[PDB]
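# Overview (structure and organization)
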4 protein chains.
Amino acid sequence: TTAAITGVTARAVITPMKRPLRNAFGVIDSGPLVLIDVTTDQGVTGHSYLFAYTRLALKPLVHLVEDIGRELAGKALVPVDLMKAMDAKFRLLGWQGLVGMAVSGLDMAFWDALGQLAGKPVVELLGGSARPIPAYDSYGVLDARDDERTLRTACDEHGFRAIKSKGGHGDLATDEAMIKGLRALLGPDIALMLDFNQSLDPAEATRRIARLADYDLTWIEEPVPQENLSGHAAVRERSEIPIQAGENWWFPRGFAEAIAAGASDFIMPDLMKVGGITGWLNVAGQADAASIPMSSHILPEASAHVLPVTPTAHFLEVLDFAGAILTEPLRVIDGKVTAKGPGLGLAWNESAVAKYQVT
Amino acid sequence: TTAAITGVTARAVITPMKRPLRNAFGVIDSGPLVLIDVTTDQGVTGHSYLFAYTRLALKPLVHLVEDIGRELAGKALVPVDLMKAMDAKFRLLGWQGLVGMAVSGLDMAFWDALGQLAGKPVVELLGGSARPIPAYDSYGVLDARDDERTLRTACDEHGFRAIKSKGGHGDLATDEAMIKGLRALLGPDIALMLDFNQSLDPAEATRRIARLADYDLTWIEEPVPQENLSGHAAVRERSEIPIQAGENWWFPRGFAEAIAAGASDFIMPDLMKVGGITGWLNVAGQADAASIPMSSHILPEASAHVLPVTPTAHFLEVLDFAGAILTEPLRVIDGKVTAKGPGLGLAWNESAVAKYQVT
Amino acid sequence: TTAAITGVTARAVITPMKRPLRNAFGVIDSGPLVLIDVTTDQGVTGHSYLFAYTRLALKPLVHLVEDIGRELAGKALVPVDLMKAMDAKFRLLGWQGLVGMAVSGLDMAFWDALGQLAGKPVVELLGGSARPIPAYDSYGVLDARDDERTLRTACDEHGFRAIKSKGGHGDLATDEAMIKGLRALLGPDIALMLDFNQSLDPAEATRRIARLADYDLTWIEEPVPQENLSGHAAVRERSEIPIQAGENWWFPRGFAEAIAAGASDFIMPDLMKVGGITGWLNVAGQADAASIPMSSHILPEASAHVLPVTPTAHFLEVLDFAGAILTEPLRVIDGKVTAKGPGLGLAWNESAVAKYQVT
Amino acid sequence: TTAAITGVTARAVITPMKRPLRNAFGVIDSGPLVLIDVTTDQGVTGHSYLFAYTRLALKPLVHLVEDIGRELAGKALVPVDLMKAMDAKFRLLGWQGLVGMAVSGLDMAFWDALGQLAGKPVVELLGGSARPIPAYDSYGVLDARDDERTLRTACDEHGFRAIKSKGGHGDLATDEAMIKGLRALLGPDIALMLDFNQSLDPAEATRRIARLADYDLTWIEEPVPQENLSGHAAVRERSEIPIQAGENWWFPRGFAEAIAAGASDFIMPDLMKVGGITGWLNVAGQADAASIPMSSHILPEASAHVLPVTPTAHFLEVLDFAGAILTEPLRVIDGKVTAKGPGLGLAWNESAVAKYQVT
Ligand SMILES: [Ca+2]
Ligand SMILES: [Ca+2]
Ligand SMILES: [Ca+2]
Ligand SMILES: [Ca+2]
Ligand SMILES: [Ca+2]
Ligand SMILES: [Ca+2]
Ligand SMILES: [Ca+2]
Ligand SMILES: [Ca+2]
Ligand code: NI
Ligand code: NI
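Residues numbered from 1 in each chain as written, not as in the entry; some residues may be left out. Chains lettered and ligands numbered in written order. Part of a larger assembly, values for the part shown. Heavy atoms only, no water. Residues with missing side-chain atoms left out of burial classes, pairs and counts.

## Re the sheet that holds strand β12 (residues 357-358) of chain A
Residue and element names in this part refer to chain A. As summarised here, the arrangement of the 4 strands in space is β3-β2-β1-β12, forming an open sheet in which the pairing is antiparallel. Two strands lie at the open edges of the sheet, namely β3 (45-51) and β12, each paired on one side alone. Taken together, the 14 bridges between strand β1 (residues 5-23) and strand β2 (residues 26-40) define a ladder with antiparallel strand orientation. Looking across to β2, one finds that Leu21 is bridged to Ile28. Lying on the sheet, helix α1 (residues 58-70) is in contact with β1, β2, β3 and β12; it crosses β1 at an angle near 155 degrees. (Pairing = 2+ DSSP bridges. Helix = DSSP H or I, 4+ residues; strand = E, 2+ residues; numbered from the N terminus. Contact = heavy atoms within 4.5 Å. Axes fitted to C-alpha atoms, helices over the stretch in contact; angles between N-to-C directions.)

As structure tokens, then:
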């Protein structure tokens, strides 16, 4: 018969980062994470993690995961049914925001558990195969001089053929100087993406984008606030560079309304906000219908399991917040990433967890 | 290690039908089926079947399945990857029509095999659970007087709370007489659906639908030709009764274009034409985004395995063409249908297959 | 000289409710609230409260309010600037959901402190006057027989000329019987509103609304999920009854996108989710441009201060969660509510707080 | 304890101007103003002024201000309520045009009185702070040769980083030669705006704007008549330079229709035509929803109090008609303008008023 959930625990950690990532709104210089364990009555504990953005989110997210989780004891391990139940539970309060991250975190852990119980990676459960997905190396604001060694190692050693950096921290001249430097340093055969992290308004985005058009950029990411779907659509209409967005939209319905608005050319759901594996698969069918190339936002380990069954799969984003607390950290080979199992391939390095844990 | 396909065989049968199903275009008085077996190297053979509509399609379908199957020998049993390969293979010739039915038939048999290999129903592989799905009993043209015994049995014994019949064979008076008779016999608490089988043009469909709105119909199905998405949309715009369609549209893209045109209020894909299980799941995401209740068209055994994971699941259509040749025929309990495994719950009663096989 | 914030504290309480409020998704039989205090350097502490929906949200919300407030300590008490600050702080994480309720709770407390500092009700600070706003009495599921006495009291003692109840818990017959009984009991000159609390899909909402059209309802509230803007709009297009929504949308952009999609005929923002007073005022300008009548969702004490400066002000919803812990609980006179100051008129009954506090 | 209005008086003056402002329709070489005084019963007199465009409007505006004011005797000083009363009073006759300017002038004086009564600048009453707003220096037709000294002072001494000039007075070659000369004199890092003052039709606007594309203009202002919203939208859709407009539109509804038509990329309401402070606040909500950057049209003293609470605040226009008759004339520092109080910071230099008064 089917495994049942027996308990749920969540722990907060703050991991270190070598590359401090400056963005238009400030700097992320550590990895605040929430580590989720779903125990079963069949000798398996499912695992997933959330990137929490800021230390302030950790305590609330832990309360949520554990309080939602407690009510799941005794329930059959059936992700689709569990997702429907969480939907009903939070219908009135709202599942956008921290609640939805807890819900998506739990979903990933349920699927990880199912994978473990079967001795297979999640990607095989989903009817696909674990194969190399094109990846890009995701940075904060870069400087072609100061960061040359790092970028050399990325492209030469790890084989990356795509790099993303950040802009909107200053004026247009600052963005242009950065991109011009990068394009000169990396040459014409490396893809370059630019992420504004929601920092512009539509008129200013249109203006900057037109002035960056000569650097052969692959996409412009979140040019304006994520909630501003109409403003994204306006920028998209006038842009000669594809518009990428989605990492901050909530659940399959959030994607359905963005697509209805025509907000972007590309999407990149975040597994923590799209409703975990279950919600991702829904959106994959939406993106196929809309002919929208679909990439992932961080959570590279889990994202590697869903991109191979995504009809319009595009890029996997490499930004490694969790490696320090994982038994088997992400590996990039020849600029690509392959899913690792069983489950999602998330098992904790407990000595490191103990070191970086916070309460 | 993942199973590989070793071979594919297809057999044609014509099963007997208790009651002839008269429609606007003719009569279906038997069940021309293609039974598909996909042998693997792990002691399991995946099964699925196609309803072929007419005996004329049997030989061509057998050939196509065997020809395509032969080319898949040695390949890993990975439904998503196999579907992508079949897509590329038929991109130029086209996979609408008989080729598409072959392709979808193969896909169902692959998932069936995965389920058998796991010892689980396909629905559990898909992250859902096998649970009772509301069903309706699907008839040809009915006559309340002549068909009372059958309808009493359907409602009183099998617990059906919804009945579908056919229209468009004659004039509007004929349709109205039929429906009025049925509604008087069955009372207000049984759902009634009406299927025109593509027999009207948009102006006539609009005219008939307005005159039938007093009988509290649940839906009007395929009022005009299935290819006529614009015509469906025009009927839908003017109709006070929900418009149902989709059993004849091809693959996830066929649904994406229909939805983009606003062809219908409800949809009911056929697993044989939507791209099997793999195609169905894509369309389930689209239907959720469009807020379109999604039902099934025939193939009730396999349909029972995908409706439980379909966000907008509506009705399962019960029309039993295959019962005669299955080891475990479809069961209806209290007007609902529950998925049976392992796999899709499709294993052949060989003595019956021998009896009804045509060559 | 402008006051500065010196600290922020939040306390959780669960207040008793005389009458349970059954809705389509469950029952609210208590008032889990978060009471917010913002101390200033000018002898005034600003107050606001949040209705938290479920006890599960209380600890995380208290954490968020205190943690955000800690970071505002030392800033000038300038609500427009503080809101810009909070926007930038949560731009990446997201301010939908619990975070947004904390942000809006803080905003209301800032304006409450300003009013206290001036010795004026907030409404006069906003260039308006404290004057009676039409109100309706907001119930759970009602039964005209069982609840005759309560409704008589509401109409005769408090002068209500409008009543709202809930539906969608069961089938259409149940909704119709409830509304039919209420219209028969109350007669044609009492306004009746029906709230589905997001429980239907668009097709089913359209079907039920058409059947309820003869009861002369004032509005149908949240017929489908709040996130489903395109779905609301599809319902609105087909509905002969005005569609009301908004109590679950986030900040002025959430309203801008809903209005752009044509989701509803009426709106009713919740001060906890629209961005407090500061967010409300922005939406008031949007609703004026769109000619959308604008009512409030709960928080009647604070809502009384903003409706008098809302160009399209419609109704104030009376649902009294907080009276138990207020020094001056809400009063309804002749079916209307008048704003009370100074500030928002929220000061705590500390003995009651001590009684109902939960930790 | 709310102040009541006791009387209203208005005086006409014609102030001298340093240099003529030539535009496509004529020359403004003086400042015909209406100075408005609202006396209250609490020892404060509210002040505002109108720019009247032409001496012909002075007598009628004085008449209207005094006649309307006379009917406000004894009314409570509540701007939102007074605006609604003025709306009802002029609904039939119409409040577009001279009546609307008198109405908006009164509103500004009411807010100024409230700020004076509180001992605070209006911006602080509105929940914002007095902070520097980026400004541009607003000229008539310029010649880079003849006007070099004036423009060097503007950019070097006063720190302006943005300059606006007028076009449409002759043919396209004239506009182009002028812009070319200005761009050469000012260099790349000074913003340049061009105001056609409604002098073109849409086809001619489209033709001229395309020819001015290479001069890096910030905006093209009122390319066609202000009432021609459809014509503005057509220019906007074809224009590669942002279209600015709005200085001549009437009240929040005038903006709502222009925004609904998609008339412009940017707007710049005139406090005299938008409905004073009260109407400006409504339109600020609209511009936020539409993501439209919002600047001011003249009345720089009062505009400095509302731009700080305008979510999409863009530029403050510096054109100083009133400095001659103010106790504290506008000050520009480092190309920015900061609100001064109390009230709107408008108090009259009575000896100057006497010198420039016309009767
Ligand atoms: Ca990003
Ligand atoms: Ca584009
Ligand atoms: Ca059919
Ligand atoms: Ca229709
Ligand atoms: Ca409600
Ligand atoms: Ca309607
Ligand atoms: Ca102008
Ligand atoms: Ca344009
Ligand atoms: Ni805690
Ligand atoms: Ni006169």
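## What to know about helix α10 (residues 276-290) of chain A
Residues and elements named next belong to chain A. Along its 15 residues, α10 runs 21 Å from first to last C-alpha, staying within 8% of the 21 Å computed at 1.5 Å per residue. Buried within α10 are the following residues: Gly276, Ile277, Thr278, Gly279, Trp280, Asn282, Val283, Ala284, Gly285, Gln286, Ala287 and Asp288. The first or second residue beyond α10 is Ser291, which carries a positive phi of 55 degrees. (Expected span 1.5 Å × (residues − 1). Buried < 20%, exposed > 50% of the residue type's maximum accessible area, 1.4 Å probe, protein only.)

## Notes on the coordination of the calcium ion (ligand 4)
For the calcium ion (ligand 4), the full set of protein donor atoms is B:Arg236 (O), B:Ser239 (O) and C:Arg238 (NH1), and the range of their distances to it is 2.4 to 3.1 Å. Of this pair, B:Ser239 sits in the loop between α8 (229-238) and β8 (243-245) while C:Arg238 sits in helix α8 (residues 229-238), on two different chains. For C:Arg238, a relative accessible area of 40% puts it in the partly exposed group. (Donors = N, O, S within 2.8 Å, 3.2 Å for Na, K, Ca; no water.)

## Here's the deal with the coordination of the calcium ion (ligand 8)
Surrounding the calcium ion (ligand 8) are the protein donor atoms A:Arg238 (NH1), D:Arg236 (O) and D:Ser239 (O), which sit 2.4 to 2.9 Å from the metal. Placement of A:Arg238 in helix α8 (residues 229-238) and of D:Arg236 in helix α8 (residues 229-238) is noted, with the two residues assigned to different chains.

## As for unusual backbone geometry
Here the amide bond leading from A:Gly341 into A:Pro342 is cis, since omega sits at 0 degrees, within 30 degrees of zero. Relative to the elements of secondary structure, A:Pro342 occurs in the loop between β11 (336-337) and α12 (350-356). Although it is not a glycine, C:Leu299 adopts a positive phi angle of roughly 40 degrees. Residues other than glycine seldom take positive phi values, yet D:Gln198 does so here, at roughly 70 degrees.

## Quick word on the sheet that holds strand β1 (residues 5-23) of chain C
All names here are of chain C. In space, the 3 strands of this open sheet follow the order β1-β2-β3, with antiparallel pairing throughout. What marks the edges here is a single partner per strand, and that holds for β1 and β3 (45-51). Put simply, the sheet's adjacent strands are angled 20 degrees from each other on average, direction ignored. Direction of pairing for strand β2 (residues 26-40) relative to β3: antiparallel, over a ladder of 7 bridges. Residue pairing in the sheet places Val34 in a bridge with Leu50 of β3. Helix-sheet contacts for helix α1 (residues 58-72) involve β1, β2 and β3, and the interaxial angle to β1 is about 155 degrees. Of the strands in this sheet, β1, β2 and β3 touch helix α3 (residues 98-118), which is tilted by about 145 degrees from β3.

## Observations concerning the interface of chain B and chain C
Interface extent is often summarised as the accessible area lost during association of the parts. Each partner contributes residues to the interface: chain B has 6 residues there, and chain C has 5 residues. Between chain B and chain C, roughly 370 Å² of surface is buried when both sides are summed, and carbon and sulfur atoms account for 39% of that area. In this assembly, chain B and chain C are joined by 1 salt bridge. The partner of B:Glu240 in a salt bridge is C:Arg238, with the nearest N and O atoms 3.0 Å apart. At the junction of chain B and chain C, the tally comes to 2 residue pairs in polar contact. Residue composition of the side of chain B that touches chain C, by class: 2 nonpolar, 2 polar and 2 charged. (Buried area = accessible area lost by both parts, 1.4 Å probe. Salt bridge = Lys/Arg side-chain N within 4 Å of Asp/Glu carboxyl O. Polar contact = N/O pair within 3.5 Å; in protein donor to acceptor, adjacent residues only side chain to side chain. Nonpolar A, V, L, I, M, F, W, Y, C, P; charged D, E, K, R; others polar.)

## A closer look at the pairing of strand β1 (residues 5-23) of chain B
Residue and element names in this part refer to chain B. The turn joining β1 and strand β2 (residues 26-40), which pair antiparallel and follow one another in sequence, is formed by 2 residues. Alignment of β1 against strand β12 (residues 357-358), held across 2 bridges, turns out to be antiparallel. Looking at β12, one finds that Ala12 is bridged to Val358.

## What about the packing of aromatic side chains?
In this structure the tally under the stated criterion is 32 aromatic pairs over all chains. Ring centres of A:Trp95 and A:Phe251 lie 3.7 Å apart, and the angle between their planes is 5 degrees; this geometry places the pair in the stacked category. Taken as a pair, A:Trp95 in the loop between α2 (79-89) and α3 (98-118) and A:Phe251 in helix α9 (residues 251-261) lie far apart in primary sequence, 156 residues in all. Neither residue differs from the other here; A:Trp95 and A:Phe251 are each classed as buried. Ring plane angle 75 degrees and centroid distance 6.0 Å describe the contact between C:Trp219 and C:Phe315, whose orientation is recorded as edge-to-face. Of the two residues, C:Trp219 sits in strand β7 (residues 219-221) while C:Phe315 sits in the loop between α11 (300-306) and β10 (316-318), which places them 96 residues apart along the sequence. (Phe/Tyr/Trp six-rings, centres within 6.5 Å; stacked < 30°, edge-to-face > 60°.)

## Concerning the side chain of D:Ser264
Residue and element names in this part refer to chain D. Counting through the fold element by element, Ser264 comes out in the loop between α9 (251-261) and β9 (266-267). Residue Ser264 is classed as buried on the basis of its relative accessible area, which comes to 4%. A polar atom in the side chain of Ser264 sits 2.7 Å from the backbone oxygen of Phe266. Apart from residues lying up to four places away in sequence, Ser264 is in contact with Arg236, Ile243, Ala245, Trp249 and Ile292.

## So, the UniProt feature "binding site: Ca(2+) 2" (unreviewed entry) in chain A
All names here are of chain A. Within this structure's numbering, the places UniProt gives as "binding site: Ca(2+) 2" (unreviewed entry) are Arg236 and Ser239. Judged by relative accessible area, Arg236 falls into the partly exposed class, the value being 30%. Setting aside residues no more than four positions away along its own chain, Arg236 makes contact with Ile243, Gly262, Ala263, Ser264 and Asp265. Using a relative accessible area of 15% as the deciding quantity, one classes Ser239 as buried. (UniProt positions renumbered as here; feature names shortened; annotations may be inferred.)

## What about the packing of helix α9 (residues 251-260) of chain B against helix α10 (residues 276-290) of chain B?
Residues and elements named next belong to chain B. At a minimum axis separation of 9 Å, α9 and α10 run at an interaxial angle of 15 degrees. By the angle between their axes, α9 is roughly parallel relative to α10. Remark: the crossing between α9 and α10 carries right-handed chirality. Residues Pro252, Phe255, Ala256 and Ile259 of α9 form the contact with α10, whose own contacting residues are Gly279, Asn282, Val283, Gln286 and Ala290. Among the residues forming the contact of α9 with α10, the class breakdown is 6 nonpolar, 3 polar and no charged. (Parallel < 35°, antiparallel > 145°, perpendicular 65-115°, else oblique. Left-handed = near helix turned anticlockwise from the far one by under 90°.)

## So, the nonpolar core
Ranked by internal contacts, the top residues of the largest apolar core, which has 256 residues, are A:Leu106, A:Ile163, A:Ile325 and C:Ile325. Residues in contact with C:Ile325, not counting those within four places in the same chain, are C:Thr15, C:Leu33, C:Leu35, C:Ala347, C:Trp348, C:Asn349, C:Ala352, C:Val353 and C:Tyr356. (Core = buried A, V, L, I, M, F, W, Y, C linked by side-chain atoms within 4.5 Å.)

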